[PDB]
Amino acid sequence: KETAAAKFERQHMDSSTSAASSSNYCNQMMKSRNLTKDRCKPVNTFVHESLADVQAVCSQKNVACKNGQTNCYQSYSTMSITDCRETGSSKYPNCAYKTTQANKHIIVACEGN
């Protein structure tokens, strides 16, 4: 089974490009990272920064996680990210996504490595 750390990388890391290229970025990346296999994963976020910069966030601002746990960290700086959201018509196995490029602060939950 892949570990939680590996699934985090698969589902969210895209250090190969600095930002979403085109409106077809979500469509391609959701399929590519295998997120449209059994089902259409409804929402996903890709971070366009080095893995090192993303792992470093675990030593940045401590904040509460949405579930109330206390192991969440907020990046000090804004990061290049791409939000992928399933359109209303999209139907498995024809998964359609809207792509939104933005520069934001990410909040990650951290665990031992």
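Start at 1 with the first residue shown and count on from there. Superpose the two forms; the largest set of C-alphas matching within 1.5 Å is the rigid core.
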| item | value |
| --- | --- |
| Segment of greater CA departure in 6 other deposited structures of this protein, 50-58 or 36-44, core superposed | 36-44 |
| Stretch with greater C-alpha deviation in 6 other deposited structures of this protein, 80-88 versus 66-74 (rigid core superposition) | 66-74 |
| Stretch exceeding the other in mean C-alpha B-factor - 45-53, 32-40 | 32-40 |
| Stretch exceeding the other in mean C-alpha B-factor - 54-62, 82-90 | 82-90 |
| Third assignment of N71 from its chain's C-alpha B-factors | middle |
